[PDB]
Amino acid sequence: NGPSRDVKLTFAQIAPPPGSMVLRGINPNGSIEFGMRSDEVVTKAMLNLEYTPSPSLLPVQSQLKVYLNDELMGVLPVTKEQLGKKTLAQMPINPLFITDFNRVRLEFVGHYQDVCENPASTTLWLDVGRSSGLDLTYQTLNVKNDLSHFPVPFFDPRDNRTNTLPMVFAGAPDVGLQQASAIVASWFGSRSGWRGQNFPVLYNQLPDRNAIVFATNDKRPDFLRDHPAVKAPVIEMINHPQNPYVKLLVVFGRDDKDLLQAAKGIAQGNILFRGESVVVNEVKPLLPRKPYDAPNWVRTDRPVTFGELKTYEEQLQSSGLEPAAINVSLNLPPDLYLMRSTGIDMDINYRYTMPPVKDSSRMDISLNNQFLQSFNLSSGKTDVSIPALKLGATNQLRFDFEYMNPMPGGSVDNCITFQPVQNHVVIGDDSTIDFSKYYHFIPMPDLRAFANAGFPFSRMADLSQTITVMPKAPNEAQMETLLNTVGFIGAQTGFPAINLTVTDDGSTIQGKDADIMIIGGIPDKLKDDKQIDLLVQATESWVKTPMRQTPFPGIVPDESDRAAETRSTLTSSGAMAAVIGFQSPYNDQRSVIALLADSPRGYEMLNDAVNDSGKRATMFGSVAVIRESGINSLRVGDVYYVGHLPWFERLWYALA
Amino acid sequence: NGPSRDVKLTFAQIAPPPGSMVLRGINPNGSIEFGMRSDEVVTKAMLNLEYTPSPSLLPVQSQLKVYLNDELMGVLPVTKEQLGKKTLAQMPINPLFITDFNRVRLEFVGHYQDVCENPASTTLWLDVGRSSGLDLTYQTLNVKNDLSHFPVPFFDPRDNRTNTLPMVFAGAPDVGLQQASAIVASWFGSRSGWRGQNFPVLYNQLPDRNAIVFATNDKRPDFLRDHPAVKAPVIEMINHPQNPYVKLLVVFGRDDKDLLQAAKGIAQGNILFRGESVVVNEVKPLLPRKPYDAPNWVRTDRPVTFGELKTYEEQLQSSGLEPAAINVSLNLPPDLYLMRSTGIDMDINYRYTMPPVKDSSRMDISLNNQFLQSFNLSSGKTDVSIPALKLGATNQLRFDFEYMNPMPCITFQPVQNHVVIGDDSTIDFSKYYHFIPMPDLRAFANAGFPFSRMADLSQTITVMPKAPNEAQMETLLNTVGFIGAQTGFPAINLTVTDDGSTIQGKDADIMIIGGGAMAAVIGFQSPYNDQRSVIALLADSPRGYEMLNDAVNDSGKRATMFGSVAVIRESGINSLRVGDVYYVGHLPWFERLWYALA
C-alpha cells in the first residue's frame, strides 16, 4: 500500500565510535541502536555480520547469540571451518519485536578447553567488523490527520536523522511572511536539537515529503486556489493532493500579521493542538525573557545540580563488569569571563561497589577528552576544581570507572571456577557545579561562539534584541539560509525566536540597540566599514591576513598577532562563501554577523556549512572562508569587548 | 592507469640496530603509522612478517593479531612447528579501511600454561625481525583542477618525503622574475619546513611531475605559445599537455611586476584561491615585520605557554598501560645572549594517575635524548632551569612517565594510566638580549639568521649574475626555500639585483651568488654597516653548484658547516675559521661591564 524505503545501517555509523566490536569472555555483550518512526513499520529486517572467531575456540560450544529487545533472534555456532577466519552470516530479524526504540545485542559465549579455563584469558575473543550492518525496509503508514501528535509526522523524535522539513511559499515572501517562517523554523530547530536542521524552500511548488505551507487569502500557492477564505489564522493538517501518504501543515491567515500570530501560536501553544484544524485567537506575552535564560544553557543564578543537566533518566548510572562511562553535557553562556578564575568548583557525590581488597581501581574525571583528576575506589561529597582554561560553550564531562577485577584461580593442582559479579556505579543527582560567581565579558568577534551558541543573538533566547537584514525579494537559496541560520540557533538555545525582527530597508537599523544579522550581502552604508576583514562581491573578493596565526592560542586575544598584515584582492569564477563578524557602527556593545555568498553554489556551500555541526565547529576568529575544500578561519582584526566588568574586578586584577 | 609507487615501511618502536622488536606480556603491541596523500590511493597492501615465537608457548592459544585503523585484518596462530623457529608469514591488508592517517597494529596474545598464569613471565615473548614491514603500492589519481586545495597536489602536508617542486621558466629570468620565483619558493619551503625542499629549474622543458610555470606575455615557454594575452596577473591550474596526472601551476602575467604581484598573492592571499584560475588584483601591505617575529621561533615579547608550542591538540596528553612520551619542540632565535645566566626558567603543571601505593614511579625530562632531571610521582608543579646552548636548531623536550605497575594465583585486568602536561606551563625568553659573534656558518646552516632576522627578508639584498644559469637559479631557490623553512614565513620583501653597484651604502644584509668542482660559502662583515653581514654562495662548475645545493638541503651536511668559510668538494666538507671576529646586537653598557668583570 504505502511507499517502501530500503536503508542499510552499517555498524560504522550506529556503533561505538570505533565502529568495530571485540567481544571477549569478560565483555561478551555489544549492542547497536536504531529507532522507528511513528508513521513507519519495518517489513523486512536482516542483520549481516562479518566476524572472526578466535582460534583455540571449542567449535560447537562457542557460539554467537543475537538479541532484539532482549528476545533471541538466533544463534550462530562457531563451525570448525570458521576458526580464525572471516565469516559472513545473515541472521533474519523478526519485525514483530521492533518498537519505537530497538536494541540489537550480540552475546558471545566462548570456551577454549574442556577443563579448567579462565574467562578472562585474552584467547577468548570474537571481533565483529565495522562492515557489518542491519538491512531494513520501512513502509510508510497513512496516519490520520490529527493535530495531536502535532510535530510527529514532520519532526519525529524517534528519528535520529537530520530533520529535513521543506517550507512552501506562494512566491517571494514579504517581511511578515519571512518573520513567521523564521519563527516556525526556530521552533522546529529547538525541537530537533542535536539531530540537525534543513529547510528546503519551494516557491509555488508541491514537495515530495512532509512540509509546511504558508498561505494568505491573497497570496497562496496554486493547489490552494480553491481553498475558502479565512477570517482568522487557521492551522490545518491536510493530505498531499497527489500522495495520500505525505502530510502538509497549511498555515493559513488573512495576512502577514495573521500568519505571524499563527506562528507564535505554534511556538507557544502547541500543547492545545487537536483535531484536523485549529484557529489561533490570541497569544499574549505576559512576561519577557531575561538574558542568558536559554533552556539548554547552565543557569547562572545559583549552583546547578547534575539532575538538571541530564537529558534522560538513568543517565548518571552505569552497570556491568566494566561499567560504561557516564557523560554530562555542560552548555555555558559563551561570554562567561573565566580568564581569571583559578578553577570552577564542583562537588561530586559518587557511589560505587567497593572491591573486596585494595587495588588500583579508580574513577577518572575527564573534561573534553582530557584527564583532570583520579579518585581511588578503595578509600561522601568530594571537591573537584576544574581549570577554566579549557571550558568552552559546549563541554563534556566523563566519569570513567576503571575496575581491576581480581578473580581467583585456585592452585595448579586444584582449579576454581567463578561467576563474575557485575559492578554498579552512580553519580548522584545532588552533585553541583557553580557558575553563578562569574561575569559576562567576551573578546568579540568570536565566530566560534557564533557557530556554537548563536551568542550575539542568543543572549536573548527569543531574539528580541536581534534584527535580520534580508534582500527585497529573496530567492530560495537566501530564504533557506535565513531559515537554517535561525533553526540552528533555536536548536542551540532550546527556545523559539518569537520576537525576532526581520527588516528589508537596511537603513531602519540606524540608531538601534540591536545585534544585526545580514544574509543577502552587506548594505552600502556598512560596506565601507573599516572593521570588515573580508568582503565578497559577485566575483571579486578581498581578505585581510593577520600577522601571526597561532594554531592553539590562549584565550587572551593577543591583539598584536591579530593585526592585519596585508590586504589581498582576488577575482575568480569559483564558488566561495563566508561568515564575517565585526563591531556595529551604531553601538559599541553590539555586533554584526554577515553570511555572504557569491553564487548559487556558494549559497549551497554556506547552507551545508550552517547545517553541518561538524563543519560549524571548525569556524572561529573573525572571518570564516567556506570553499569546496572546506572551512578556513582567520583571527584577524580589532578586538572589542562586549559586557560589563565591575570596577571591583578591574581594580583587584590591576595589581595581579 | 596512472603511475604507481611502491613503498616499504618498518615498525615504529623497533630497536636500535642490530637489535629487533620483541613483544612481551606488559606491552604486546607494535604499531606502524603512515599518512596518505590526497592524490594517491593504495591498490595493493601486504604485511610481511619475520617473527620467532618463544619455544615455551601454548601453540594455538597464542596468536598474532593484525589491525588496521582498529579493524582486524586477520590472525596468525602459533603452530607447534613454529615454536622457537623463524617464521615468515604474509597478511593482506584491505585498502577499503585506509584513510588520511593510518595505523597498523600488531597485537601479541601469549600463553604458556592452563592455570596459574603470570603475565610478567619471562617465557612470554615474540621476537619480530627488522625485515618485517608493510608493502604498499600507491597509485596517482587525476584530481580535479580546483585551487581550493591549492597546495595539495604540489606540496601535500601528509607526505613525509622531501617536496621536490620543479620550477619552469621561459629563459634566463630577469630580476623581477627571479624575485617572484624566490617568493614562491620561500612560501613553499615555509609550508614544508621540517621536510626537505628542492626546486629543480628547467628553462624550456616540461617536467614529468607537478611544477610551477612562470610566463609573461612577451616571454613564454614553447608549450605555452597558445595562451591568450592576459591583462592582469593570473594563477591557473592546468593539466600537463601530455600527462593528465602531472598538473602544472601557471603564473601568467603582463610583466615582472604582475608576476611579483601574483607571487605575493600566492604567499599571502591563498585563502581566496578557488576555481581553475584566479586573478590577483592588488596585494596591499599594511604593517611591517618586527625583528624575531618568525612564526617558527619562540616569542621574545612575553612568556610562552606550552599551548602555543603545540602542533596538534592532545599532544601534551598520553594514555595507556605504559603511556608514551610527550614531546614539545622549541625553536629559538640564534642570537640570544646566554653567557650570563645559568639557564632558562620553566614552570610545569602536570597531572597524572596516582599509583595505589608509593613506588619508584617517576617522570623523566629529556632534552635532545639527553637526560636532564627525574621527579617522583607521589603526593603537581615543577620549576626547572634549562641551560641554553642549542640556539638555532630545533630542540625536543621529552617527558617520560614510567610506571612500576605493581602486582596486587590471581588474574587481574591492568588499569591504564593518564598523564597530562598543562597548557598553562610557561617557558620564558622575553627578558633576554640578542648577542653572538656573527661570522658563524652554524647560524646560517641552522636558521639563515643574518637574513632570517627579518622573516620577510626586508633587510636583505641578493646579488645574482646577469643571465643566470639553471644551477644559478636553483641555488637561489634552494637557499630562499631553506630560509623560509627555518622562518615559517615567505620572503615577500626580498630584493634581488643584477649589478653590484646598488648595494653600496645600504643598511641591509647581502647574499651573493657567483663563481675538481669547488663550492665555497664565505661570510664576513659588511663594509657599509658594522652590524650587517655578507654571505657568499660561490661555485665554479655546474657540478659545484649541484653539490652546494646538496649540502644546503642535506641536514647532515649542514651540521658539518661552521666557522667563516666552508669549502665543498667531492672528498667532503671542510670549514676553517678565518678572518676577524665581530659582534652584532644591542648589549647595554652595564651588562657589558658585568660580563667583562665576571
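What counts, and where the lines are drawn
Along each chain, numbering proceeds from 1 in written sequence order. Entry numbering may differ, and residues lacking coordinates are not shown. Labels are handed out in written order, letters beginning with A for the chains and numbers beginning with 1 for the ligands. What is displayed is a subset of a larger assembly, so the values quoted cover only the displayed chains. Hydrogens are left out, water is left out, and the side-chain values use all remaining heavy atoms of the structure. Helix numbering and strand numbering both begin at the N terminus, where a helix is a DSSP run of H or I of at least 4 residues and a strand a DSSP run of E of at least 2. Here the term buried applies to any residue with accessible area under 20% of the maximum for its type, exposed to any over 50%, and partly exposed to those in between, with areas from a 1.4 Å probe on protein chains only. In these tables, accessible area is a Shrake-Rupley quantity obtained with a 1.4 Å probe, and a residue counts as shielded only by the protein chains included in the view. Counting rule applied: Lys, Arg positive; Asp, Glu negative; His and chain ends not counted. Where a charge lies is defined by one atom per residue type, namely NZ (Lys), CZ (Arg), CG (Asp) and CD (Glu). A pair of sulfur atoms, both from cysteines and within 2.5 Å, is called a disulfide here. Whether two residues are in contact is decided by their heavy atoms, any of which lying within 4.5 Å being enough. What counts as buried area is the accessible surface, traced by a 1.4 Å probe, that two parts surrender upon association, with contributions from both included. Salt bridge, as applied in this entry: a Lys or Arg side-chain nitrogen positioned within 4 Å of an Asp or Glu carboxyl oxygen. Think of a polar contact as two N or O atoms within 3.5 Å of one another; within protein, one of them needs to be a possible hydrogen donor and the other a possible acceptor, and neighboring residues in sequence only count if both atoms come from side chains. Note on residue classes: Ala, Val, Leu, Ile, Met, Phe, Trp, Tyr, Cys and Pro are nonpolar, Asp, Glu, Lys and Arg are charged, and everything else, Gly too, is polar. Pairing between strands requires that DSSP locate at least two bridges from one strand to the other.

Its PDB header attributes the entry to cryo-EM and lists the resolution as 2.35 Å.

## Structural notes on the overall build of chain B
Helix and strand counts for chain B come out as 8 helices and 38 strands. Its C-alpha atoms give chain B principal-axis dimensions of roughly 90 × 75 × 50 Å. The buried share of chain B, reckoned over its 598 residues, is 52%. Carbon and sulfur atoms form 52% of the exposed surface of chain B, whose accessible area is close to 26,400 Å². Of the charged side chains in chain B, 52 are positive and 61 negative, and the gap between their average positions amounts to 1 Å.

## Some thoughts on the state of the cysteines
Under the criterion given, the structure shown has 1 disulfide over all chains. Two residues, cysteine 116 of chain A and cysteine 415 of chain A, share a disulfide whose sulfurs are 2.0 Å apart. Note on the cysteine 116 of chain A and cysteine 415 of chain A pair: the S-S dihedral is about -65°, so by sign convention the disulfide is left-handed. Assessed through its relative accessible area of 33%, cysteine 116 of chain A is described here as partly exposed. We classify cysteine 415 of chain A as partly exposed; its relative accessible area is 22%. Sulfur of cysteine 116 of chain B: no disulfide; nearest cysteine sulfur belongs to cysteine 409 of chain B and is 5.1 Å away. The buried category is assigned to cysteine 116 of chain B, whose relative accessible area is 18%.

## Observations concerning the interface of chain B and chain A
Interface size is commonly expressed as the accessible area that is lost once the parts come together. Listed by partner, the interface residues are 75 residues for chain B and 81 residues for chain A. Of all residues in chain B, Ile271, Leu272 and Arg274 of chain B give up the largest surface area on contact with chain A, accounting jointly for 12% of the area buried on that side. Where chain B touches chain A, the interface holds 5 salt bridges. Measuring nitrogen to oxygen at the nearest pair gives 3.7 Å for the salt bridge that ties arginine 130 of chain A to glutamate 71 of chain B. Linking chain B to chain A there are 40 residue pairs in polar contact. Sorting the residues of the side of chain B that touches chain A by element identifies β5 (63–68), β6 (72–77), β18 (277–285), β22 (344–352), β27 (410–411) and β28 (417–421) of chain B as the ones contributing at least two each. With 9 residues, β18 of chain B is the single largest residue contributor to the side of chain B that touches chain A. Its residues assigned to classes, the side of chain B that touches chain A shows 36 nonpolar, 21 polar and 18 charged. For strand β36 (residues 564–572) of chain A and β18 of chain B, the ladder comprises 7 bridges, and the chain directions are antiparallel. What sits directly across from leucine 570 of chain A, in β18 of chain B, is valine 280 of chain B.

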